[PDB]
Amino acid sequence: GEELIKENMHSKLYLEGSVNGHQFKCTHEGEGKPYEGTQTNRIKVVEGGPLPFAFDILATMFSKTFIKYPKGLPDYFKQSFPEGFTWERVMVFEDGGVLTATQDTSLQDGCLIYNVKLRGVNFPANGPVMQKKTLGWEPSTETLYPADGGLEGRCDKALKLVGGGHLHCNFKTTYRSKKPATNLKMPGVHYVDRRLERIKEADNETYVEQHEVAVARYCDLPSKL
């Protein structure tokens, strides 16, 4: 399972979304150092382009294998191979936009395969997302909690706005291996710090190039117990 994810790994994705009515589809092509926690992947909007909303809200649909897990904090995601794993997410924007996606991860030919299917609705016509007034996400810390053999993630994220300020978004994810969790080693409560940046945009966001660095940790601070 460890011995299967490799010091350089590749991802191909297929995606199928609808946001405020607008159907679309995307693919991507990706690579990174999983054990160093880094990846970059190139995204296309194969159908539905150009999109009438800020691409940024989709940014986090495109990779939980590429988290740097230190020795002695179990990697739920790498362990889950060769079967793979699946996440379920709800994103709730402070202005009423709501997004829900289910993603399917798996491996084939030493190449990671993501199937995404998402559904966005109730985004205000006048608001920064439907106005394309977003300038990318702030770094974030996700807390992962073990629960029923899965992990539940929580994350308060914030999208940067033109003029300054931020649009806030709450994330709630459920991560579920497809191995039996009797064949797994669960971590405790732990934290994943990230910074996801757009590094290239083209043809009105129908081509987008993204980099993530993700590092996991236990809470380092001294107890009194």
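We number the residues from 1 along the sequence you see.
Between the stretches 105-113 and 71-79, it is 105-113 that shows the larger average CA temperature factor. A summary of the deposited B-factors shows that, of 163-171 and 195-203, the stretch with the larger mean C-alpha value is 195-203. When the C-alpha B factors of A59, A158, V189, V46 are read from the deposited coordinates, the top value falls at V46. Per the deposited record, the Cα B-factor of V208 falls in the middle third when ranked against the other modelled residues of its chain.
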